[PDB]
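Below is one structure, written out as C-alpha cells; comments come after it.
Counting neighbours? That spans all protein chains shown, and the Cβs are built from the backbone with ideal geometry, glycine included. Just so it is clear, none of the values below were taken in a lab; they were calculated from the coordinates.
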Amino acid sequence: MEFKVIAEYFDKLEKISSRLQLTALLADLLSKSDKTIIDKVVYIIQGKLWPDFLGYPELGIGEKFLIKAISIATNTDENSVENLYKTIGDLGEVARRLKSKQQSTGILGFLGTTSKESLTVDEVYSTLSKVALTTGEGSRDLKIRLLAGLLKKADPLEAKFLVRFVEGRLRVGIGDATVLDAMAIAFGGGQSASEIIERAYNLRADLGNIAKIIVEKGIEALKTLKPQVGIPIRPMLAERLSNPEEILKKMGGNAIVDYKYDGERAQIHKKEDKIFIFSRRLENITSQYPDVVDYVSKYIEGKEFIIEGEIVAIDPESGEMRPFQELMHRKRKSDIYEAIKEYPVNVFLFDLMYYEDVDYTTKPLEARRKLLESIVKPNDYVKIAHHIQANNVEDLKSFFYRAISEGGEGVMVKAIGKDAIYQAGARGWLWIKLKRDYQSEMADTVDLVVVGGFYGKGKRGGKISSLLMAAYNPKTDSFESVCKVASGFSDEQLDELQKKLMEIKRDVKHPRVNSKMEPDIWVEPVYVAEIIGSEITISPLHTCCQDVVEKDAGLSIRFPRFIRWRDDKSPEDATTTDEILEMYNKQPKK
Amino acid sequence: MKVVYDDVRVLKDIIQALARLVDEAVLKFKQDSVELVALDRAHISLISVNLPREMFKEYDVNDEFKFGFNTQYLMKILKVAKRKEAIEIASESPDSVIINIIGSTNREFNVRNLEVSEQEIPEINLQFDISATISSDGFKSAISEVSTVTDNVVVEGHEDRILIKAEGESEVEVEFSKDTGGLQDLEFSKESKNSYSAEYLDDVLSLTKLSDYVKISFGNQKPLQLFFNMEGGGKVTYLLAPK
Amino acid sequence: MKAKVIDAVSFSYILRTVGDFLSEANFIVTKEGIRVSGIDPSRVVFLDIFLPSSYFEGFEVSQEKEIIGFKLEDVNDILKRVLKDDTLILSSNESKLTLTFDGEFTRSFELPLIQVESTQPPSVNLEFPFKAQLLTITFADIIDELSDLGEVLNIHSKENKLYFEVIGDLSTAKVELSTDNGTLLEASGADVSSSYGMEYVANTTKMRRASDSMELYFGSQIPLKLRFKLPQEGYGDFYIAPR
Amino acid sequence: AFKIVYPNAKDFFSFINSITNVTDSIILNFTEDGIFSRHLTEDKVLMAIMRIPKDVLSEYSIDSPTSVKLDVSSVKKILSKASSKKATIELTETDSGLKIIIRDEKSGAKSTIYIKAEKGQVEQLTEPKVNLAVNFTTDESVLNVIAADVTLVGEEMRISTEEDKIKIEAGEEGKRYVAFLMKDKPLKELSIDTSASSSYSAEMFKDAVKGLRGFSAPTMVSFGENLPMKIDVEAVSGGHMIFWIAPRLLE
DNA sequence: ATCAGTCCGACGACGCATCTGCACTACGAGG
DNA sequence: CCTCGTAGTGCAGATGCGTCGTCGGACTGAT
Ligand SMILES: [Mn+2]
Ligand SMILES: [Mn+2]
C-alpha cells in the first residue's frame, strides 16, 4: 500500500530504454502486489484515470492552471516559473528545482502539532476521481487546490511524474500495448499466452475490468470471451504506402476495393432497445449524435449487433462529403437540435462483427464484408461504402478517377484468405489501407532572416530548436515576423544554432525588428536562411502586411520548413512585404 | 435533534467564506451551542464561527450532530429563502437530515451526510501586534480596490496609519490614519510591513458586511486574522497564512 | 393585419417562454384566436398555446385565415428590447412583420415573413386520474429552486394530495402541495405514479409574470398536462411526454 | 507643481471613462485658463474633448501651462471603484510622476493615486469652429436607447430631421428601425434651424454614448447636413464635455 | 555485417466547451 | 417617490479538450 513505488521503481524506466529491461521492469509491476490496487495502477500506463467509455469528466487542469497551481505550491509568483519553464522547455522537469527550497509551514503545522507523511495509489486515484467530478461556480480555486496540496505533500522524485500525469501522456517509453505483454510474462509465464491476453483484450475496451477478471481467475480465463454489447472493441488500423503494386502478388485476383473516407470512424452498438455510438478514441458520443440513433435502430433490421463505420459530414445542398473540421460542429451538448438543420450527415458501414449472439471476429471477408444485405436496405440515409470487384491489374487505377471526386482520395484493398481476417489489436500488414498518392501541399522558396529563437519541449527540447523569422521592409526600414520555424534543421545545424545565437545574443529587442510574439531570447539579425512553405495564411500573431488584407491581422507562411542558409544575401535582400502581398494576390481566392 | 433558526441571511452569507475556501467542513451543533471550525486543503486560510443559544427559536439536542455537506450543495439548498423565511432542521436517523425551510410552501429536503474526516485546530493562543478597526464596507472596498490589476498586496503601517498597498504598476494606497473616519481602534507594538496576495485572498468578499466593524490581526512573521462581532454573541474569526 | 396587446412585456414573455422548448414555430390567425403550436424537433415536448380573443385592443381581420409563421431568434431577441411598461403593436400585411412599440418612445422593428413550419395537430383526448389547481406564483417559486437538484423528478399522490419530489444523485427534495396547506385551489383524489425530467419542466417556468393561475393535470403513464391560466379566458396548455 | 481639487470624484471617473473610449493613453493639459484635454481616432471618425473652465474649481493655482501624457491601462480600473458620489478628487504633480488623491467624508478612506508620467510641451486650445443647424436637448436614456436599438439591426444609422420632427432610419432593407421624436418627446428643448439628414457610425455611436452614464444633467445634442455631431452635457459639479464624431460620407 | 517488421511518441493547427470577471439593469424595502 | 443594496443577466477574455492523422527514429532479429 504505497504510491512511492511509481516514483522509486519508476525512476529507472526512462534511462534504460532498451525493450529488454523496460518490459522486464513492467513485469515487476504485476509480479507480486495487491489485489484491487493493481487494477487501479493499470491506468497509469495509458495516461488516463479510467477508460473513456464508462462516462466521466475530463481533468480540467491543463498547463497554465498547472502553472498557477505549482506557483502556489512553491510559494512563487506567476512569471518566475513561466520563464523558468519556457527556457527549459520540457515542462514537468521543473518541479524538481521548484521544490528545491523545502520550507513551507504556513498554518496547520506551526502552532501545536507538526507532522508529515506520504500517500498511496488508492489515495491518489480517489483524489483524482473526486477532482474530476467537482465543478460549478466554485471551480477555479478548488481544482487548483487539490493539485497544489498533493504537490505540497509530494516528493522530489514524485514531482517528476505527478506534473506529467496531469499533463497527459507518460513520457516513459512504454505504451498500452506493452502492458498486454507485461501481465503475459508476469502471471502466466511468458509470451506464449501473450496472444491469448491480447485476444481477451481485443473485444472489450476496458483495462481495469479485464485486468481484475484475469487476476481473480486464472490464465484460462482468457478463453471464454465474446463481444458483449456496450463496451466496444479496439479498432484496427494500417499504414500508408507509396508503392503502386505490392498487393496483387500477395493476394487474390485483385479482389474488391471499398474506398476510404474520413469523419471520425465510429462503432455503432445495439442491445435490446439501446444503442451506442462509440467513436475512434473510445468515448461516448451517443448524445452528441442524436440524429444517427434514429438511423440505426429504425433502419437496421437487426437485434443485437456491434459494427464499425465512419460518420462523415454532408453538405447541406448535395452529397459530396465535407472536411472533418466542419464535422467538428457536431460536438455541442446544449444547442444540439439546432445544428442538425444546418449540417446534414451520412454514415457508412465497413465492418460487421457480431450478430445472432455468436462471435464473428475470426471469419473470412465474405460473411463479414457482405452479411446483412437484407437488413441494411437502401434509403436516403446511411448506406454501405461503394465496392466493386477489381478484375485485372489495370483495374486497380481505373476507379480512381471516379472515386477522387468524392474527396476521400485513397482507397483500401480487401485481402481474401484465412490468413486475412478482422483480428484486431495490432496496426499492421492485415489489409492494405493505402492512400494512392494522397494530396500534398505546395512549394515556395523564399529567404528569411533569423531574429529570434525558442527553446523546444521534450527530452530533446533543451536546445533552441525553434526560431522566429522576419522579413525586411524597405518602406519602413523595419523587420516584421512572417512565420515561426521549429522544424527543418539537421542535427549539426541544430547544434550550431545555439552557438551562433550565443555569439550574437542580445538582452533587448533590436529597434528595427517588431513582432507581437515574445521569444525566449533576442537575437541580432545577422544570418539569412531559406525557408520553404505551402501557402500564405492570415494570422494575427504576425505583423507582416498588417491591416493590408484583414484588420488586426497579418499574413503568415503555412507549414514552415528549413532548406538552406543564404550567406551571400544580406537581410536587406530578404523577401519584402510587397513581394509577399503580390504572391498572396496571385493565389486563388478559393 | 430539532433546531429552528429565524433568519436565513445568516445562513446565506456565512458560508460564502466557506463555499470556496475548503470544500468540506463539519457543521458541529454542540450540546449547548453551535460552533464551526474546519481546516482547509490549501493549508493557508481557515474560518471559524461562534454561535450560542441566542438566535434559535427551538434547539433540542441529545447527542453530537455531524451533518455532512457539499459546500456547493449547501449553498444550493440555502438559496430558496429570500425575505425572512425560517428553517427547520431535524431528523431521526443519522443517514439523512431533513432540512425544512419554513414559510411559503411547506418544503423539506433529504440530503445525505457525505461524511469526511479532518484534524483539529488549536484555540489560536497567539498574540499579534495590531488589532485595528475600520469601516468594514470601506475596508472590503479597499481589498477589492487596491487589488484589481495587481496580484500581490503589501500591508505596511508604521505608527498611526494602515496601508494595504499593492505595487508593481502603480503604487496606489488607501490609508486610515488617526480619527479621520478610519482607524476606529488601534493597538501598537512595532512598525508593520507585510504582504497579502490577491485572488482567493480577495475571495473573503461577502462575509464582512454582516457587522460594519472589521478588526485585522496582522503582525510580522505571523498569519493573518480578521476579528468580528455580531449580534447575539456571534463572532467570526479568519485565518490566513503569510503572503 | 393589425395586432396589439396591452402589455408589451407580457405577450413577448409568453413567446419568450417558447424560445427554450420550440426551436421553431408558426403563426396563424383564426376567427377569434391566434395559434402558437407545433411539434418540437426534440420529438418529446408538445406545445400549443391559444391566445384568447380578449387579449388585444382592436384586433381586426382582413380577408380570411392567414399564416404568420416566424423565425424564433428574431422575434425573440429583437423583442428582448422592452421597456418597463410599454405597449407592443404588431403589423404584418403580406410579407413584413413590423413589431412596433408605443408609449414612452414610439419605436418599431422589422422582419420578413419567413415561411417554414411543422403543423402536426395530434389528437389530445386521453383521460387523466389526477387534477389540481395552483396559483402561478408558487409553482415557479418551487420548481426554480427545484430546477438545480438534478434533472429528473417524480410525482406520486396518495390520500388526495400532490407530492412534488425530486430524486437523483444522493439527495432528494420534497414538496408537499396540499389544499389544507393553502397552496392549492381545487383538486381531486387519485393514487397514481409517473416520472418526468427537469429540462422539460424547468424551461417552462419563464411564463410566470404573464399568467393569473395554473391548471395541472398530472397522470399515470400519460402526457403531463400543465395548463397556464390566462387573463381574460385564455388557454395555456403545455403537454409533456412521459419519461 | 499645482493643487486643484475636483469636489466630485464620480465626475472625474465619468470624464476618464468618456475619454477612454477613443484611445488607451490620454492627456491632461493644464493651462492657466482651465484644465482641458484633446484626442482623436486613427481613422478620424470619433473623438472626445474634455475641458474644465476655471470657475467651478474649489482651488486653482498653476504657474505655467503644463501638459502631461498618461495611459489608463491601470488608471481606469484602479479608479473604476469610487463608492462616494460626494467624494472630492484632487491632483498634484510630484517630482517624477503624477499623483492624484480622492477624499470621502464617510469612512476616511483616502486613496492615493500614482501615475508614472512627466510634463510635456502644451498644445494651443483649438476646437473645430462649426455651426450646427438642428439643436436639441435630451436625457441620458434617449441617446443610449438609439445606440442600443441600432446596435443590432445594422451599422449605418441615419438621423433624419423634418420640420419640427425627427426621423430615424437605419440598417439595410432586410431589417430597419422606425421611430419619431415629436415636439417634447424624449428631448426638452429644440433649436432646429434647417431640416437636414446625415449619418454616423452606429457601433461608434454606441461607443461614444456608453461613456456618458452618470450625467445627471440633460444632454444637448446637435448636428447638421453631413456635419459632425455634437453631444453636449455637463455634470453636476462642473466640467463641460464636447464629443466629436465624424460623418462617414459613404463607404 | 542488412534490411523486414515493431513500436512509443512527438507533432502543431482549428471549433466548441466552461468558467471568471466585469458592466449594466430590475426589484424589494426603510424612510 | 428616493435611495440603496442585492439579485439577475448579457457579454468579452482566458484555458482546455477532441480532431484528422504524419512522420520520426530507434529496437529485434533472422541471413
Ligand atoms: Mn494534458
Ligand atoms: Mn480525451
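List of remarks:
- With each label modelled as a point 7 angstrom along the Cα→C-beta vector, the A:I256-C:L126 pair spans 4.5 nm.
- Between C:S53 and C:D102, the contour length at 0.36 nm per residue exceeds the Cα-Cα span by 15.5 nm.
- Degrees separating the helix C:136-146 axis from the principal Cα axis of chain C, which is the longest one: 60
- Stretch gain in nm, segment A:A426-A:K15, where the contour uses 0.36 nm per residue and the Cα spacing is subtracted: 145.3 nm
- Straight-distance crosslink candidates among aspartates and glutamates, where the alpha carbon sits under 16 Å from A:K271 and sequence neighbours closer than 8 are dropped: A:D294, A:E301, A:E304, A:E308, A:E356, A:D357, A:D359
- In chain D, the calculated helix contribution to ellipticity at 222 nm averages -4000 deg cm²/dmol per residue, counting -39,500 (n - 2.57) for every DSSP H run with n ≥ 4.
- For chain D, the relative contact order is 21 percent, taking Cα pairs closer than 8 Å that sit 6 or more residues apart in sequence and dividing their mean separation by the residue count.
- For segment A:409-431, backbone nitrogen atoms closer than 13 Å to the point 7 Å from A:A238 Cα along Cα-to-C-beta are found at A:410-417, A:420-423, A:427-431.
- Spread of Cα-to-Cα distances over 5 Å intervals beginning at zero, given as percent, for segment B:120-208: 3, 13, 22, 23, 21, 13, 4, 1, 0
- When A:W565, A:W431 are arranged by Cβ crowding within 10 Å, least crowded first, meaning fewest neighbours, the order is A:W565, A:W431.
- Cβ-Cβ distance of B:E171 and B:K82, R₀ of 35 Å, FRET efficiency by 1/(1 + (r/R0)^6): the value works out to about 0.25.
- Segment D:124-163, Cα convex hull volume normalised per residue, Å³: 149
- Restricting the calculation to Cα atoms, segment D:81-194 shows an Rg/Rh of 1.17 when the hydrodynamic-style radius is the Kirkwood one.
- For a straight C-alpha distance cut-off of 17 angstrom, the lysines reachable from D:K76 (same-chain residues fewer than eight places away being disregarded) are D:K10, D:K99, D:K116, D:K210.
- Pair-distance distribution of segment A:1-231: all C-alpha pairs, bin width 5 Å, starting at 0; shares per bin in whole percent are 1, 6, 13, 16, 17, 16, 12, 8, 6, 3, 2, 0, 0.
- Computed log10 I(q)/I(0) for segment B:38-130 at 0.20, 0.25 Å⁻¹: -1.26, -1.52, from the Debye equation with unit scatterers placed on every C-alpha and solvent omitted.
- Distance between the modelled labels on C:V152 and D:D33, one decimal in nanometres: 7.8 nm (7 Å Cα→Cβ projection).
- Candidate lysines for bridging to A:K383, where Cα separation is under 19 Å - those fewer than 8 sequence places away on the same chain excluded: A:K260, A:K270, A:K298, A:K303, A:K370, A:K414
- Pairs from the list A:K333/A:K590; A:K250/A:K363; B:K30/C:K174; A:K130/A:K457; A:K397/A:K433; C:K4/C:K80 with a Cα-Cα gap above 24 Å: A:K333/A:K590; B:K30/C:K174; A:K130/A:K457.
- Counting every alpha-carbon pair across segment C:160-243, the share separated by more than 21 Å comes to 35%.
- Cα gyration tensor shape for segment A:390-491, rounded if a/c is under 1.5, else prolate or oblate: oblate
- Within segment B:2-243, the ratio Rg/Rh, alpha carbon atoms throughout and Rh by Kirkwood, equals 1.00.
- Which listed pairs, of C:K84/C:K206; A:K341/C:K131; A:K35/A:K459, have C-alpha distances above 27 Å, in listed order: A:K341/C:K131; A:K35/A:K459
- Reducing segment C:170-193 and segment B:68-125 to their Cα centroids gives an inter-centroid distance of 23 Å.
- Modelled label positions at A:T36 and A:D567, each set 7 Å beyond Cα in the direction of Cβ, lie 6.9 nm from each other.
- Under the convention that each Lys and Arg Cβ holds +1 and each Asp and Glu Cβ holds -1, the size of the dipole of the protein assembly as shown around its Cα centre is about 2760 debye.
- Radius of gyration over Kirkwood radius for segment A:438-590, both on Cα atoms: the Rg/Rh ratio is 0.95.
- Size-normalised alpha-carbon gyration radius of segment D:1-102, reference 2.2 N^0.38 Å: 1.05
- Placing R0 at 22 angstrom, the Cβ-Cβ distance between C:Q115 and A:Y343 gives a FRET efficiency of 0.50 after rounding to 0.05.
- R0 of 30 Å, Cβ-Cβ distance D:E156-A:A486: FRET efficiency to nearest 0.05: 0.10
- P(r) tail fraction, segment A:260-361 - alpha-carbon pairs more than 20 Å apart, %: 37
- Taken as Cα centroids, segment A:453-468 and segment C:40-59 sit 64 Å apart, rounded to the nearest whole angstrom.
- For chain A, averaging the sequence separation of C-alpha pairs within contact (under 8 Å, six or more residues apart) and dividing by the residue count gives a relative contact order of 12 percent.
- Based on Cα contacts under 8 Å between residues 6+ apart, chain B shows a relative contact order of 21 percent.
- Rh (Kirkwood; distinct C-alpha pairs) - chain C, Å: 19.2
- The slack in the chain from A:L25 to A:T576, taken as 0.36 nm per residue of separation less the alpha-carbon distance, amounts to 192.7 nm.
- Looking at the protein assembly as shown, the pairs of alpha carbons with a distance over 64 Å make up 21% of the total.
- In chain A, the inverse of the mean reciprocal separation of distinct Cα atoms equals 28.3 Å; this is its Kirkwood hydrodynamic radius.
- Backbone phi angles across segment A:320-327, fed through the Karplus curve with coefficients 6.51, -1.76 and 1.60 (θ = phi - 60°), yield HN-Hα couplings of 9, 6, 7, x, 5, 4, 5, 4 Hz in residue order; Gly and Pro are listed as x.
- For a label point 7 Å along the Cα-to-beta-carbon line of B:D179, residues of segment B:129-146 with backbone N under 18 Å: B:132-135
- Pairwise centroid distance, computed over Cα atoms, of segment D:124-191 with segment A:3-49, Å: 74
- Computed over segment A:232-437, the quotient of the alpha carbon radius of gyration and 2.2 N^0.38 Å is 1.03.
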